[PDB]
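Enquirer: I am attaching a structure below and will ask some questions about it afterwards.
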Amino acid sequence: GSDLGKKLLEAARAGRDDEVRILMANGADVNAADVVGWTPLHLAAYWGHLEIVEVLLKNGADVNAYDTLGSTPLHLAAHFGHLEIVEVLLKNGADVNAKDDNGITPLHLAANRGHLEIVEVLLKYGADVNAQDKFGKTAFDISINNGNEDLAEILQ
Amino acid sequence: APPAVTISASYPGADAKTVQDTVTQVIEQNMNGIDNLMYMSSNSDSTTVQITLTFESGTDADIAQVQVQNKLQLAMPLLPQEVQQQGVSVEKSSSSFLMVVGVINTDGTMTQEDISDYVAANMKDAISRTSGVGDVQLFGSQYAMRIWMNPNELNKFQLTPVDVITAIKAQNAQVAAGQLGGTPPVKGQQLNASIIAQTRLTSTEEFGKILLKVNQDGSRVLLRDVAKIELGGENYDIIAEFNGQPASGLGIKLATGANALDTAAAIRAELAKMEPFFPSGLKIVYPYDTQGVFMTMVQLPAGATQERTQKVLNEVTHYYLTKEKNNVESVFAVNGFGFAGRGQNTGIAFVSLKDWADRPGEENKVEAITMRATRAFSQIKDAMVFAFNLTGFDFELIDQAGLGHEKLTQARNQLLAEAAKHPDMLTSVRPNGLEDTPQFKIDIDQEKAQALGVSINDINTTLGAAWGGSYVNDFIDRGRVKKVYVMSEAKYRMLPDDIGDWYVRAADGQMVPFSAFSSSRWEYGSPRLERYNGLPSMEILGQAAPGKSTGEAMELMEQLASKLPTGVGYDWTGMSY
Amino acid sequence: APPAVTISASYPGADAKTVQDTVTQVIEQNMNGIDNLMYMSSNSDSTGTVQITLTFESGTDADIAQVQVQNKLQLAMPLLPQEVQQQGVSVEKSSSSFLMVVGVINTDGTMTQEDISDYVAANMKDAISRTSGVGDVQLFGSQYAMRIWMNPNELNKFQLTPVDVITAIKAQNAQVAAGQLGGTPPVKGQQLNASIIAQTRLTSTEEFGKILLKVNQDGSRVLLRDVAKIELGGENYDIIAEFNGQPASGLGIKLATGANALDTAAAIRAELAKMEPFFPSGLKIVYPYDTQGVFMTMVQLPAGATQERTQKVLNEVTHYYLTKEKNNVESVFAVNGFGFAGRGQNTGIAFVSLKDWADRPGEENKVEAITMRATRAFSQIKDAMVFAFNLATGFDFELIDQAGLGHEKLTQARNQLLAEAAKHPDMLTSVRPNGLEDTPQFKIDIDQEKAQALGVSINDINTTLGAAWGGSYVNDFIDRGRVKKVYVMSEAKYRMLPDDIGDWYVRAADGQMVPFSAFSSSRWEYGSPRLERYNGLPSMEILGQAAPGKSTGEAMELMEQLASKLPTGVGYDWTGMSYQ
Amino acid sequence: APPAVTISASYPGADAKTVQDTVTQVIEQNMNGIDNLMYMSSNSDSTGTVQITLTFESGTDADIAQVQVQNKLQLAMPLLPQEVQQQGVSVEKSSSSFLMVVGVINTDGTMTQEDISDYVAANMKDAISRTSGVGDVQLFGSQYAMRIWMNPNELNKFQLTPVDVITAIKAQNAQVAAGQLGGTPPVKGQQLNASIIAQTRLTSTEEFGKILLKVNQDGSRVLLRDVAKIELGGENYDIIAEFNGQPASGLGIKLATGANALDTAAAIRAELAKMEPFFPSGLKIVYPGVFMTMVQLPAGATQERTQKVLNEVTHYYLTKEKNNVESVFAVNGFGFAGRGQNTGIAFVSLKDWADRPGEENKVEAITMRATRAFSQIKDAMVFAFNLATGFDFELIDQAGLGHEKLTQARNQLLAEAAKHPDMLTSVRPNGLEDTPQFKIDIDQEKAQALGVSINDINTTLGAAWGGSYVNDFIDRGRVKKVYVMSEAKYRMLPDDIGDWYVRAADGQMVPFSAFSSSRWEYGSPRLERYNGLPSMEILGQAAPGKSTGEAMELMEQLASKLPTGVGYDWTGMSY
Ligand SMILES: CCNc1cc2oc3c/c(=[NH+]\CC)c(C)cc-3c(-c3ccccc3C(=O)OCC)c2cc1C
C-alpha cells in the first residue's frame, strides 16, 4: 500500500472520477489492495461508481481480483444491485462462476437479494445454475427459502 | 451556558448498530415528560453510548438530572442485561476538563498498566465524591481478573467458553449460608455462629485452580490448563504518557454550577490525604490547570490502530519536548481518548507552559505557540492534528422518513458536494462524524447448526466471549470489588482464519468448528451512528467564508438543503440555535 | 384542581385480579413517606392495566411529588413481573383532562387506520411527548408490531408449541455483540482492525417468515410461515378513532401540572410544523379539539360489551352530530375503546368542535343548549349510558372494605347502600356506582397430578395458554429504522370459543403432544373487570347529586347515616370534591 | 446538627463479609456525583444488614441530598444481588429521632408478637401514616409471611431437596396472565368476550399443604404438608419485643418536616382512639421521662440467654422500683453499636416527675442503683444510663491490607493509648470483635464425580439454614411474602449438616457429609468502612484537666507510628 495506492483506493470509493483519471496518468497501481484485499475495482463495484469501473478496467485492472475471503468485484456488484456494472465486468472477462471461500457465487448473492435483472445477465454469460455453496444450496433453494416465486420461475 | 445532562452506557464487544438498536433507541424513546428540554443528541460507537440532553437556559440543572435519571430508571429493564451490569452513568457537567491529575512512577517500578489500577482502586472514587466534581475520566483501566482462553486447549478437552463461564460462576461465588443456632431457634440453644461457605476468589492462583471437569480416567482439567490467567485492564483502549514516560491520571470536569476554584482546592486537599500511603515511587504531577495551558487533538481516519495513533502522538510530544523546550513545562498525552469521544483512532495531549514570567515576548505566549504548533503539525499524513486554547456553524442532517444509514450518507455527500461549489460563502464544510469502514460479517447457518445439534446460544456466546470479551462476575482484589472477564488470548482472535479454530460442543458431545456452520464476507458499516431528537442524523460543521457573515452562510446551507432527496430534513444546534 | 401524580403500568393478557395482586398491591404498599399526600386511588382492569392516582395538597411542588412517588415506586419495580417491567412503567404529572387533540387523516384514502396509527406512533408521538409542558400523551391507536398469528393445527402437525415458536424467535431475531478482529490488547504489529457483525435484528415480515423452527428427519424444513400468518399490526387492537366518519388516528395531549396552556400549545404546533414537510402523500393533520367552542361525549356500555356494539353507539352519536347538528358542528373525532375513565372494549368518546361563534346566532345554538339537546336525544339510546357536556354540587363517596371481607361482600354492601338511598328522593338524586359490574369469566384449573404424570411442565402449559389467548411480547425488531415490539399470539379464529382450548397442544418430556383438555377442566364463574382501591384497601366509588335545593353538607350527612347501618368491615371515606 | 442520609439494605441469611463485598462495596462505588458530601461510613453485619450513612455539609437541603443519593443507588440496583433487591433498599433522611412511639400489646396471652405485628400492619399502620403531620412510620415487626418449615428426613425419604420445594411453590403459588375468549382483534360477529382465569395465588396454610411435590410410582402423592410444617409467622425472628414481659409490637412515628409536634401528637392519639373500639379481644395501646438499660452478652451468645437477662432487668424495675417505674419495653437483638442474638436494650418508662419526690427517686439516683444491682450479673455487661468531652477516630486501611492486619494495627494503637492514662482514658473500639464461625468448604471434585450440581448444593444449604424468600401470596386479600426455611431443630448444630441430602444427576440422594469438609475459624460479625475504605471506629476522651484537642494531638502522634498502609481520619463531633 504505497501513497498513490491509497490516494486511488480512497478516490475509487468516493466516486471522484476526475481524481481517478489524474492518478492513473501518474502510474498509480490499479491493483492497489487495502488491508482486506479490496482493489479500487472492488470499492467501485461495491459503492456503484460505474464510470470508475470502466476507467480502471480500461487501465488494465484485474477484473477477477480476490479479497482476503475469496470475493471478486462481480460478487459485490451482484449483491448490491449494480446492474450496468455487472454487465460491464462480465464484458471484460469477469469470472461468472467465481467462488468465495464459502462456495458463494455472484448468482447466489444476486438471487438472495432478489435482484432479478442481474440474475438473467449472469445466466446469459454462462452462470452454473446448479452451483452449490458450502451448505449444498443452489440459487433455486435460495428462491424457495425467500418465498420469491418470480425468481424460481426464472430459474425454471 | 445552556445546561446539559449526559447519559452514558456500555456494551462489551458490541458494534455501533447493536448498541444503537438495543440501547440508544430504547433510552431515547423514554426520555419524555421532562421539563425544558431544547434538544437531544446521541452517539453509538463500535466500542459505548453518549446521549446528551440540552436544556433551556435558566433551567435548574439538578432537576434536569433528577428528571432524566428517573426516566432512565424506568427504561432500565428494557436494556440488555450486559448493559445494565456495567452501570449507566448520568452526569450534569461541562464537556471540558477543569483539570487533569497525572500519576507517574519516578522509580520506574510500576508499568502504565499497574499505575492505572492504582488510580482506579485508590484515588478515583474519593475524587469522584468531592463536591464540584461532575465527571471523572480515568486515563487507563482498573484491573479485572483476565481469563485469556486458548481454543486449541479448549477443544482438546471438549470444552467451550460456555463451560469456562459456567465454572467461573459456580466456583467464584459468595454464598449466603445462614447460621448455626439461627433464629428462630430451638429451646436451650447455646451456640450461635455464622456459616461461611464459598467466598469470592482473590488471586490468579485461585482462578487457575477452578476445576472445569474430571476426565473418565480420573485426571483433572483446571482453568489454568485452558487459559492464561493474569490481572489486566477491563479495557485496553486508553494508555497515557507524561513527558514520554508511563502514566495514568484523572480528567476532572466541573459540575454544572459548581465553583471552579473551590472544587480545584477540594480536589487538592483529598490528594494530600492520599500521598502518605502511596507505594514507593508513585508521584502526583499536575499537567493541566484552568493564559497558561492548551490542548492538542489527534483524529486519525477510522479503521486506524492504537499503534499508529501512538506514532502520531510521539511526533506531537516530540515537537513540544524538543522544538518548544523553553516554553513547555510538560505534555500529558493520551492514546485512545479524544476531545469528542473514544476509540483506537483518536488521541489528545494536554500541554502546560513554564511560568509566564520565563516566556517573555509576544511570540512565546499561548496564541503564538498554538498557531506555530498547528502549522508544524499540518505536515502530518492521514491525521487531523490541531492545537488550540479554550465560531462558524453547526448543522444536523436528519433522516425524516426511515431512509436508512446508506441513504442518509448519500444525501450528506450530495450536500457536501454542493457546498464545495461556493468557496465565496462556505469554507471547510466537513462532517463532524466518521466514515464507514470494512467490517467482518458472519452468518450462522441455522439449518446446519440444527442438523448437527449445536445451540445458537452456545454459538453466539462462544463467538462473543472469544472475540469481544464477556464480564462474568465479580472478584475481590486486595479487598476491593472488581470484574472478571473471559476473552481469547490475543493470538487466537487476530485474523479471519482464526474464526475456524474455535469449536463448539454439540448435544451429542462432539466438537464442531465454526467453519462448519458459518460463512463470512467483508462489508462496510458505521463505527459511529448519530441521532438528533430521536432520529438518525449527521452533524456537519462549517464556517462562513472571509468577509461574509454567519446568517448568509446559514441561509445558503438552508437553500442547499431544500434540494436534497425526499425525506431528508435539517435543523440547527449548538452555536447555531 | 389539586396536583396529581399517576403511575401507569400494563400487563398484557392479564385479568383485573391478577393485575391487582401482582402489580397494584405491591406498588401501593410502598406509597408512604410521601409528603403532602391527600389520598391515593387505583383501578386494576381486565384490559391488563393499572392506574394509581396520587393526589396532593394545593401548592405542592409537582416536580418533588413526582420524584417522591417514583423514589417509592422503585422499591417495588424488582418485585413486579418481568412482563410488566418490559412494557415500561410510567410516572406522569398531568391534569386529568386533555388540553388538545391532534388528529390525523389521509385525504387520498391510501392508508388505513392501522397505518395512520403506526405513522403517528413512530414519526410523531415521541417528539411531541418530549415537548416541554406536555404532561401525558395518549395515542388513539397503536404502533405496529411484528404479529406472529399462530395456527394451532399447523403447530400440532409438526410437534411444535408456541414455546418452540418463542424460543426460535429469540434465537433468530437476535442482535449479537461479537467483538472484533484486531481488538485490544492486540498482538504487536497487527494491522487489521474490523468489527465482527453477526446476527442483527430482523426488519421485515419476510425475514420472520423464514425463521427455522425444525429440520425434519426426512430433510424437509418447517419455517415460521408454515405455522403462522405474519404481518405488521398493532401492539394491541383495542383503540379505533374516526374523524367525520373517515379513518383516523391522533394524539390526546394532556397539560403538565403547572405548565402554560398557550405556550405548550404553541410548542406543539411548532413541533408539528417540523414534521409536515416529510409526510407520505395523503396525510394531513386536523384539529378537532382545542381549549366555548368545544365539548365531549362520554359513551359507556355495560361490561362484557363488544367493540362492535360500542361502534354502533358511536355511529348513532356521530350520526346525530353530522345530520341533526350540521349547522353548528364543524367536526366530530370519535374514539372506540378509550373513554374518560381509562380504557375498555365497552367505552368510547367523541370530541366535538363547533363552527365560528359568529356563524351560530341564538341561545339554542350555543354549547349549553346543544349539549342539552344531544344528551336529551341520546338518553333514549338502549344498553348505553351516553351524555354530552362541556368540561358541580354532587358528592364523591368511597365504600371501603376494612376487614378483608373480599370483593363479593363489598358488592353486596354496596347494593344495600344504593337500594336504601333509592328510598330518599327528597335528599339524594342518582346515587350510582362509578365502576363496572362483574361479568362471566372462564375459570380453568390445571390438574397438577395429571400434568406430572404425563410429564408436561407448568411453565410450558402457562406459556402456551397465555401466549395463544393473550399474546406475548417476545423481543424487539426494527421497522424502517425504528425499534418496535414482536408479539406472538393465536390467529383470531382459534381463540374465539371455549372448545378452542382443546385444539392447543403442549409437548411433554417424552416427546408426545398432549391436548389442553387432557390436563385441565373449566367452568364459568363471575368476577370483576375493574377492581377499585382507595388508600390501599378495596373500594367502590359511589357518585351522587344533592336533591333539588338541599346542600351537599346535608346530602353528605345522610350518606354517612345510611353507611352506619352497613355490615361490620365496611367503612367509608369522602374523596374528590367532597374531601374539603 | 449536619444533615445525614442513610441507605439500608438487607441480604437475609448472609454473613458480614458476603454483605460487604456484594452490596456495601458496590453501593459505595456508585456514591459519586453527589453534592455537598462531607464523609460516608458503613457497617456490614452478620444478620445480613448494611447501613451506609452519607453525612452532608451544614445547610444542605436534606431533601435534595435524599434524592441524589437515591437515584445513584437506583442506577446501581442491577449490580446488587436479586435476594437484596427483593427485600427493598430504602434511602431515608436519618437526622431526626422519633416524634412518638406507640406500643401495641395483648393482655390475654392469646397473641404472639408475630400476630400483633400482623394486626398492626393490616389495620393500624396505614391509617396512622395518613394522619396529619406524619412522615415515616416504622413497624416493630413485619406483617405475617407464609412460613414453610422443612424437614430433611421427610425430604430425603421421598428423594426431594429444598430445590424441589422451591420449584413446586413457584409453580403452584402462581398467578399468571392467561388472556381472553374473543379478545381483540376478534372474528367479526363475536358475541363472547370473557377473561380466562387460570391459577391464582394461594391464600392459606391449607392450600400450601396441598402443593403436590411428586407422585410416587406406586400411585401415592407427596404433599408439601408431608415434608414441612406450615404456619403464618414473621418475616424474620432476629428481634424480640416485650412490654413488661408481655409480647409486643408497635409503631415508630416521625414528624414530616414543616409540621407541628403538639398538633400531630393529638392527631395521632385521636386516630388511635378511633380504632380502639374495633380491636380484637384484649389488644391494648401503650405509650413510652424515659431512660435506658444496655444488655451485652459475650461472643456466640444466644437470643434465649439475652432474654433471661432482659427479663431480670424488667423484673428489677417492676419490683425494686415499682414506685418509680411505669414500664420496661425490651428489645432483644438490637442495641447501641450492635445487632445480633447477644445484644439488647431496655427502655424504661418512668412515672410523673410529681410522683417521684426526693432526690433519691430521680433519674440519676435510680440509674446508679440499677447499675450497682446489675454489676452482679454473671456473663453480661448491663449498664443503666440516660442521654461533651470525647473524640471519634477512624483507623483506615489505606493499602488493601485486609481485616486481620487492620485489627493488629488497631491493637497496636489501643495498647499504646493505655500507656498515656494521664492524657487519654477509655480508649476503645466502638465496634465488635471477631468471633468463632463455621467454615464449610465444598469439594468441587467430589460433587462433579457424583453428578451433584453446585447450585443445588448452595440453594439446599442457604434455603435450609438462612431461609429463602420464594414469592408472594394473598392473606385475607393482602399481598405478603412466602419464606422457605428448615424447621429449627434440623439447623442448629454442626451434626445437623449431614442430615441434609441433595439429589444428583443420576437420581441418588447424597449427604452433605460426602462432599463437604468443615472447621472453626474467626471472622468479623460487623465490618466497618469509612469514605469507601475498610475502617475501625475508635472512641475515647481526655483525662481530668485536659482539653479534648490536646488528647487528639496524642492519638495522631501514636497513629503516625502504626504499620505502613494504615491511616486515620477524624469524624462525628471531632470533624
Ligand atoms: C420505648 C420503646 N422505644 C423503642 C422501641 C423500638 O422497638 C423496635 C422493635 C423492633 N422489632 C420488634 C419485632 C425493631 C425492628 C426496631 C425497634 C426500634 C428501632 C427502630 C429503628 C432504629 C433503632 C431501633 C432500636 O431498637 O434502638 C436502638 C438504639 C425501637 C426504637 C425505640 C426508640
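The chains in the C-alpha cells are called A, B, ... from first to last as shown; in each chain the residues are counted from 1, and the ligands are counted from 1 in the order shown.
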Report as an MDAnalysis selection string the set of chain A residues whose atoms approach chain B to within 12 Å, with distances computed over only C-alpha atoms.
Expert: chainID A and resid 3 6:7 10 13:16 34:38 42:43 46:48 66:73 75:76 79:80 99:104 109 133:137 145
Enquirer: List the neighbours of residue 56 (chain A) out to 12 Å using only C-alpha atoms; skip same-chain residues closer than 2 positions along the sequence, and give me the result as a PyMOL selection string.
Expert: chain A and resi 8-9+11-12+17+20-25+28-32+39-45+49-54+58-63+88-89+92
Enquirer: How would you write, as a PyMOL selection string, the set of residues no farther than 9 Å from ligand 1 when counting only C-alpha atoms and all ligand atoms?
Expert: chain D and resi 97-98+100-103+113-114+117+138-142+234+236-243+248-252+287-288+290+292+327-339+344-349
Enquirer: Restricting the output to N, CA and C atoms, write the selected residues as a short mmCIF file (atom, residue, chain, number, x, y, z; two decimals), in the first residue's frame.
Expert:
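again08.cif written:
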data_model
loop_
_atom_site.label_atom_id
_atom_site.label_comp_id
_atom_site.auth_asym_id
_atom_site.auth_seq_id
_atom_site.Cartn_x
_atom_site.Cartn_y
_atom_site.Cartn_z
N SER D 97 -35.02 11.96 65.38
CA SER D 97 -35.41 10.75 66.14
C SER D 97 -36.94 10.71 66.22
N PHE D 98 -37.49 9.75 66.96
CA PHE D 98 -38.94 9.55 66.95
C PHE D 98 -39.68 10.73 67.56
N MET D 100 -42.95 10.17 68.38
CA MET D 100 -43.52 9.31 69.44
C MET D 100 -43.56 7.81 69.07
N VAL D 101 -43.48 6.98 70.10
CA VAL D 101 -43.53 5.53 69.96
C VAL D 101 -44.84 4.98 70.53
N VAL D 102 -45.51 4.18 69.73
CA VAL D 102 -46.77 3.61 70.10
C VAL D 102 -46.54 2.11 70.23
N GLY D 103 -46.67 1.59 71.44
CA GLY D 103 -46.60 0.15 71.66
C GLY D 103 -47.97 -0.44 71.52
N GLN D 113 -45.98 -12.02 69.27
CA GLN D 113 -45.58 -10.73 68.72
C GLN D 113 -45.74 -10.71 67.18
N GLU D 114 -45.69 -11.88 66.55
CA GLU D 114 -45.90 -12.00 65.11
C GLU D 114 -47.36 -11.66 64.76
N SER D 117 -48.03 -7.90 65.38
CA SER D 117 -47.39 -7.14 64.32
C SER D 117 -48.24 -7.21 63.06
N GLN D 138 -42.48 3.38 61.17
CA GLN D 138 -41.76 2.11 61.10
C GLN D 138 -42.42 1.10 61.98
N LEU D 139 -42.71 -0.08 61.43
CA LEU D 139 -43.29 -1.19 62.19
C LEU D 139 -42.21 -1.96 62.99
N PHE D 140 -42.56 -2.33 64.23
CA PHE D 140 -41.72 -3.08 65.15
C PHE D 140 -42.13 -4.52 65.00
N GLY D 141 -41.72 -5.07 63.86
CA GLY D 141 -42.14 -6.37 63.36
C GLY D 141 -42.47 -6.23 61.89
N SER D 142 -42.93 -7.31 61.29
CA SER D 142 -43.42 -7.26 59.92
C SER D 142 -44.86 -7.70 59.94
N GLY D 234 -43.62 -14.76 61.06
CA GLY D 234 -42.98 -13.48 60.78
C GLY D 234 -42.03 -13.54 59.61
N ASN D 236 -38.95 -12.14 59.79
CA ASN D 236 -37.76 -12.63 60.48
C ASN D 236 -37.84 -12.51 61.99
N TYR D 237 -37.01 -13.30 62.63
CA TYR D 237 -37.11 -13.55 64.03
C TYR D 237 -35.84 -13.09 64.72
N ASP D 238 -35.16 -12.09 64.17
CA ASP D 238 -33.91 -11.61 64.79
C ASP D 238 -34.18 -10.80 66.07
N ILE D 239 -35.34 -10.15 66.14
CA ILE D 239 -35.66 -9.27 67.25
C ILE D 239 -36.81 -9.83 68.07
N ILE D 240 -36.80 -9.65 69.39
CA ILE D 240 -37.96 -9.99 70.26
C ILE D 240 -38.32 -8.77 71.08
N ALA D 241 -39.61 -8.43 71.14
CA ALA D 241 -40.07 -7.21 71.82
C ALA D 241 -41.05 -7.55 72.90
N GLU D 242 -40.72 -7.18 74.14
CA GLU D 242 -41.63 -7.36 75.26
C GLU D 242 -41.92 -6.02 75.90
N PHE D 243 -43.15 -5.82 76.36
CA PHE D 243 -43.55 -4.67 77.19
C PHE D 243 -43.95 -5.21 78.57
N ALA D 248 -44.98 -7.91 72.42
CA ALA D 248 -45.22 -6.56 71.95
C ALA D 248 -44.99 -6.34 70.47
N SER D 249 -45.64 -5.31 69.96
CA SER D 249 -45.29 -4.74 68.69
C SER D 249 -45.39 -3.23 68.85
N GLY D 250 -45.43 -2.51 67.75
CA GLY D 250 -45.56 -1.08 67.86
C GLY D 250 -45.22 -0.38 66.58
N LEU D 251 -45.30 0.94 66.67
CA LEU D 251 -45.09 1.83 65.57
C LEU D 251 -44.13 2.90 66.03
N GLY D 252 -43.04 3.09 65.30
CA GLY D 252 -42.19 4.27 65.48
C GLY D 252 -42.64 5.34 64.49
N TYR D 287 -47.85 3.82 75.59
CA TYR D 287 -47.07 4.98 75.14
C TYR D 287 -45.85 5.21 76.05
N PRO D 288 -44.67 4.75 75.64
CA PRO D 288 -43.42 5.16 76.35
C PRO D 288 -42.57 6.28 75.66
N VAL D 290 -38.05 9.11 80.10
CA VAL D 290 -37.50 7.77 79.80
C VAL D 290 -35.97 7.73 79.90
N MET D 292 -32.63 4.42 79.68
CA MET D 292 -32.32 3.12 79.03
C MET D 292 -31.48 2.16 79.90
N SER D 327 -43.04 1.32 83.03
CA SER D 327 -42.88 0.22 82.11
C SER D 327 -41.44 0.01 81.68
N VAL D 328 -41.15 -1.24 81.31
CA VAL D 328 -39.91 -1.63 80.64
C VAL D 328 -40.31 -2.27 79.32
N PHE D 329 -39.90 -1.63 78.21
CA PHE D 329 -40.09 -2.10 76.83
C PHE D 329 -38.74 -2.70 76.40
N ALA D 330 -38.72 -4.00 76.14
CA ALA D 330 -37.48 -4.75 75.96
C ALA D 330 -37.35 -5.23 74.52
N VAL D 331 -36.18 -4.97 73.95
CA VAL D 331 -35.85 -5.29 72.57
C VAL D 331 -34.59 -6.16 72.57
N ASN D 332 -34.72 -7.37 72.04
CA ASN D 332 -33.67 -8.36 72.10
C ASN D 332 -33.15 -8.51 70.71
N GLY D 333 -31.87 -8.26 70.52
CA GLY D 333 -31.25 -8.34 69.20
C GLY D 333 -30.87 -7.01 68.58
N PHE D 334 -31.14 -5.91 69.30
CA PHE D 334 -30.79 -4.55 68.88
C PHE D 334 -30.15 -3.82 70.08
N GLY D 335 -29.18 -2.94 69.82
CA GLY D 335 -28.60 -2.07 70.85
C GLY D 335 -27.82 -0.90 70.27
N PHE D 336 -26.99 -0.26 71.10
CA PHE D 336 -26.01 0.70 70.61
C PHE D 336 -24.82 -0.08 70.04
N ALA D 337 -24.41 0.28 68.82
CA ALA D 337 -23.29 -0.37 68.11
C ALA D 337 -23.45 -1.90 68.01
N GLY D 338 -24.69 -2.35 67.82
CA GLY D 338 -24.99 -3.77 67.82
C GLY D 338 -26.28 -4.18 67.14
N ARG D 339 -26.22 -5.29 66.43
CA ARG D 339 -27.36 -6.14 66.13
C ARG D 339 -26.82 -7.53 66.43
N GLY D 344 -29.04 -6.37 73.50
CA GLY D 344 -30.36 -5.96 73.88
C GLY D 344 -30.36 -4.63 74.58
N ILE D 345 -31.55 -4.05 74.64
CA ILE D 345 -31.71 -2.75 75.22
C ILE D 345 -33.12 -2.62 75.77
N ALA D 346 -33.18 -2.19 77.02
CA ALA D 346 -34.43 -1.99 77.73
C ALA D 346 -34.65 -0.49 77.86
N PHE D 347 -35.79 -0.03 77.37
CA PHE D 347 -36.24 1.34 77.52
C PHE D 347 -37.17 1.36 78.71
N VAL D 348 -36.83 2.17 79.71
CA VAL D 348 -37.57 2.23 80.95
C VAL D 348 -38.40 3.51 81.00
N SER D 349 -39.72 3.37 80.99
CA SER D 349 -40.62 4.49 81.12
C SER D 349 -40.86 4.72 82.61
#
Enquirer: Neighbours of residue 384 (chain B) within 8 Å (only C-alpha atoms; same-chain residues fewer than 3 positions away dropped), as JSON, numbers by chain?
Expert: {"B": [297, 298, 299, 300, 378, 380]}
Enquirer: Name the closest residue to residue 126 (chain C) among the candidates C:31, C:253, C:356, C:401; distances are taken between atoms, counting only C-alpha atoms.
Expert: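 Closest candidate: C:253.
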Enquirer: Excluding residue 206 (chain B) and its own-chain neighbours fewer than 3 positions away, which residues fall within 10 Å of it when counting only C-alpha atoms? Please give them as a list in words.
Expert: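 Counting only C-alpha atoms, the residues come to residues 171, 172, 200, 201, 202, 203, 209, 210, 223, 224 and 229 of chain B.
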Enquirer: Which one of D:420, D:269, D:503, D:322 sits closest to residue 460 (chain D) if you count only C-alpha atoms?
Expert: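 Nearest to residue 460 (chain D): D:503.
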Enquirer: Within 10 Å of residue 568 (chain B), counting only C-alpha atoms, which residues qualify if same-chain residues fewer than 2 places away don't, as a PyMOL selection string?
Expert: (chain B and resi 397-403+407-408+411-412+537+561-566+570) or (chain C and resi 277-278)
Enquirer: Just the selected residues (N, CA and C atoms), exported as a compact mmCIF listing (two decimals), in the first residue's frame, please.
Expert:
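Writing the result to again_21.txt gives the following:
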# COMPACT_ATOMS: atom_id res chain seq x y z
N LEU B 397 -28.14 16.96 9.65
CA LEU B 397 -28.91 16.46 8.54
C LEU B 397 -29.69 15.27 9.07
N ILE B 398 -31.02 15.32 9.04
CA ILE B 398 -31.87 14.35 9.74
C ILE B 398 -32.64 13.45 8.77
N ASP B 399 -32.61 12.15 9.04
CA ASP B 399 -33.45 11.14 8.38
C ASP B 399 -34.88 11.27 8.85
N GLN B 400 -35.74 11.83 8.02
CA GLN B 400 -37.12 12.10 8.43
C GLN B 400 -38.13 11.05 8.00
N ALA B 401 -37.73 10.03 7.24
CA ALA B 401 -38.68 9.07 6.65
C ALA B 401 -38.13 7.66 6.52
N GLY B 402 -37.38 7.20 7.51
CA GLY B 402 -36.91 5.82 7.57
C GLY B 402 -35.95 5.42 6.47
N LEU B 403 -35.23 6.39 5.91
CA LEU B 403 -34.43 6.16 4.69
C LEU B 403 -33.32 5.14 4.88
N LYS B 407 -28.47 5.54 2.71
CA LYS B 407 -29.10 6.67 2.04
C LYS B 407 -28.80 8.02 2.67
N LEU B 408 -28.80 8.11 3.98
CA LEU B 408 -28.52 9.40 4.62
C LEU B 408 -27.09 9.83 4.28
N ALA B 411 -27.16 11.45 0.73
CA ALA B 411 -27.70 12.79 0.93
C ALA B 411 -26.69 13.71 1.62
N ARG B 412 -26.03 13.24 2.68
CA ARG B 412 -24.93 14.03 3.27
C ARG B 412 -23.86 14.39 2.20
N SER B 537 -29.16 10.92 12.21
CA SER B 537 -28.66 12.23 11.83
C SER B 537 -27.20 12.20 11.48
N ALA B 561 -30.15 22.66 1.25
CA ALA B 561 -30.83 21.54 1.90
C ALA B 561 -32.19 21.23 1.31
N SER B 562 -32.94 22.28 0.96
CA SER B 562 -34.24 22.10 0.30
C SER B 562 -34.15 21.22 -0.96
N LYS B 563 -33.00 21.22 -1.63
CA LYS B 563 -32.77 20.39 -2.82
C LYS B 563 -32.13 19.02 -2.51
N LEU B 564 -32.40 18.43 -1.34
CA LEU B 564 -31.94 17.06 -1.01
C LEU B 564 -33.04 16.05 -1.24
N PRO B 565 -32.71 14.74 -1.31
CA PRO B 565 -33.76 13.74 -1.65
C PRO B 565 -34.93 13.71 -0.70
N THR B 566 -36.05 13.14 -1.14
CA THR B 566 -37.26 13.11 -0.32
C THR B 566 -37.04 12.39 1.03
N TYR B 570 -33.43 18.92 8.09
CA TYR B 570 -32.35 19.53 8.82
C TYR B 570 -32.79 20.30 10.06
N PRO C 277 -43.62 18.66 6.40
CA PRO C 277 -42.94 18.52 5.10
C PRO C 277 -42.55 17.09 4.67
N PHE C 278 -42.39 16.17 5.63
CA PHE C 278 -41.89 14.82 5.34
C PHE C 278 -42.97 13.73 5.38
Enquirer: Considering only C-alpha atoms, return as a list in words whatever protein or nucleic-acid residues lie within 7 Å of region 262-274 of chain C, sequence-local ones (same chain, fewer than 4 positions apart) excluded.
Expert: residues 128, 131, 132, 133 and 134 of chain C
Enquirer: Could you dump the residues just selected with N, CA, C and O atoms as a compact mmCIF listing (two decimals), in the first residue's frame?
Expert:
# COMPACT_ATOMS: atom_id res chain seq x y z
N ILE C 128 -43.43 14.93 20.25
CA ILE C 128 -44.48 15.61 20.98
C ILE C 128 -44.38 15.32 22.48
O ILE C 128 -44.45 16.26 23.28
N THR C 131 -41.74 17.40 24.13
CA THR C 131 -42.01 18.84 24.16
C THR C 131 -42.35 19.24 25.58
O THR C 131 -43.08 18.54 26.25
N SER C 132 -41.78 20.35 26.05
CA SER C 132 -41.98 20.80 27.43
C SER C 132 -43.41 21.29 27.61
O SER C 132 -43.98 21.91 26.70
N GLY C 133 -43.98 21.01 28.78
CA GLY C 133 -45.38 21.30 29.10
C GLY C 133 -46.32 20.14 28.83
O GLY C 133 -47.47 20.14 29.31
N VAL C 134 -45.84 19.15 28.08
CA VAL C 134 -46.64 18.02 27.72
C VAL C 134 -46.52 17.03 28.88
O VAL C 134 -45.47 16.40 29.08
